[PDB]
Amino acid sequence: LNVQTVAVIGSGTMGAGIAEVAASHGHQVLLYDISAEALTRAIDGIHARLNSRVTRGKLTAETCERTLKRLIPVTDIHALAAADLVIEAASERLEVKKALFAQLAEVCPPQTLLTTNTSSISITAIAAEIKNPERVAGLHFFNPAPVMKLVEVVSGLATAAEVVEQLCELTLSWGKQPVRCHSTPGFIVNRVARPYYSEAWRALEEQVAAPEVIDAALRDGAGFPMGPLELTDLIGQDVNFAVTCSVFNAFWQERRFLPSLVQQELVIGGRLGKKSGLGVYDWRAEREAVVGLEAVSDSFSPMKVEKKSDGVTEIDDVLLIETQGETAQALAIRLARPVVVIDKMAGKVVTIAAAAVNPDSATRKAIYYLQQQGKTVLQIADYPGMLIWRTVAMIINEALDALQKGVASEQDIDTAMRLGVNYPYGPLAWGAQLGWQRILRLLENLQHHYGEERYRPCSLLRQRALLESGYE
């Protein structure tokens, strides 16, 4: 590895942020754009952000000043002939990039690495007509580049393995964490994250719960840093929907990547979230706190509580059953007893559903029991698989499918989800913890209930459930 001079193409948020990372680590950076005004603004931004870090003592004055000196604005594409690495982050349109990379093939030596920050375009299609296709690769950073640790190092069909190793070593040296993946739709992060959003839209379309309740279960129950619906409001409905539709279409309309009419409606209505003041939520009025059910009195206490195995607690005559994807109602008529279905992980927020056939006294016994264990009990509709378990199962299923299709290694899939979108466990590590047979049973029940190919357990999930029963 001998990457010295780095060229960054584009003066937007990503280009400027990528330039900052490269220059802050000792590289001469050629920041290229055709507009000299644009370059000046982008460079003023970097100046301003780094100077405020020195103010707060988060960066030395020396490293600040040495960083700024390495940022060289250029308007002539020929100046990039000196670069060992070009990182492109300008127009997302395919034909523009193809034209850009064709131009860089003649300008630069054939040993210069030519990379793109794109999230949406095939590397293979970028690298298709250009001179030495083997040194074309994806180097995919996340907003904001100076803060986010993850980069996806993306191989196109032609991408050499030495090029991947060089790019991994270099981003390691920039204090990043590279993960490798092939040029398949959504890479790792945009692909595996999809059911986090789409399970919520489905819940929302069926009025299972208020959006605040869905977000509270996922954040304060499952441990995600932000609920999926609020996160779509903060990403911007237009942006998140465009990613969904893109992955959906690039997989020739796979129903596990189906878009939502609820989301579509918000986009075409211009209700894009925080940025426009209204989305799923109103961003003018400040955020309310989800309460949970008031304490049931000590007089409503159960006479006999018996924790059985397989997520069953028997409370007098009430079965409190952790969701396997069957409704409280189906269980209650099968077993001729009242049933409360619970959806819980480690967090304090817990969702529950009572079978319609429950007398309210039986439901209250179960609510009391839970409250006396520290949990905030939120009541929702009797929805198969509920919220937390339904969403995490589908996230894990998608991670497993990506692993099976050779998108990336198991460890790189876990890392990507931990760093790119801050999931509290990588999905594969999460599945091992939660139990493969348990995830399998749930998805099979969902698949049966809905009769949708969307809820199919993937072949590697069945494979891992079978291995797990082998150790049992």
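Each residue number is its position in the shown sequence, starting from 1.
Undergrad: Check the entry's C-alpha temperature factors for 406-414 and 34-42, then say which stretch has the higher mean.
TA: Higher mean C-alpha B-factor: 34-42.
Undergrad: Please work out which of 314-322 and 238-246 has the higher mean CA B-factor as recorded in the PDB entry.
TA: 314-322 has the higher mean C-alpha B-factor.
Undergrad: Of the options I396, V349, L387, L139, which has the highest CA B factor as deposited?
TA: By C-alpha B-factor in the record, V349 ranks first.
Undergrad: For the listed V340, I188, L293, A200, which has the peak Cα B-factor recorded in the PDB entry?
TA: Most elevated C-alpha B-factor of the set, per the entry: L293.
Undergrad: In terms of the CA temperature factor given in the entry, to which third of its chain does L442 belong: lowest, middle or highest?
TA: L442: CA B-factor falls in the lowest third of its chain.
Undergrad: Give the position of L1 by CA B-factor within its chain, expressed as the lowest, middle or highest third.
TA: Top third by C-alpha B-factor.
Undergrad: Of the three thirds of its chain by CA temperature factor, lowest, middle or highest, which one includes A61?
TA: CA B-factor rank for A61: middle third.
Undergrad: Sort the modelled residues of this chain by their C-alpha B factor and say whether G279 lands in the lowest, middle or highest third.
TA: Highest third of the chain for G279's C-alpha B-factor.
Undergrad: Test of reading the entry: by CA B factor among the chain's modelled residues, which third contains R135?
TA: It falls in the middle third of the chain.
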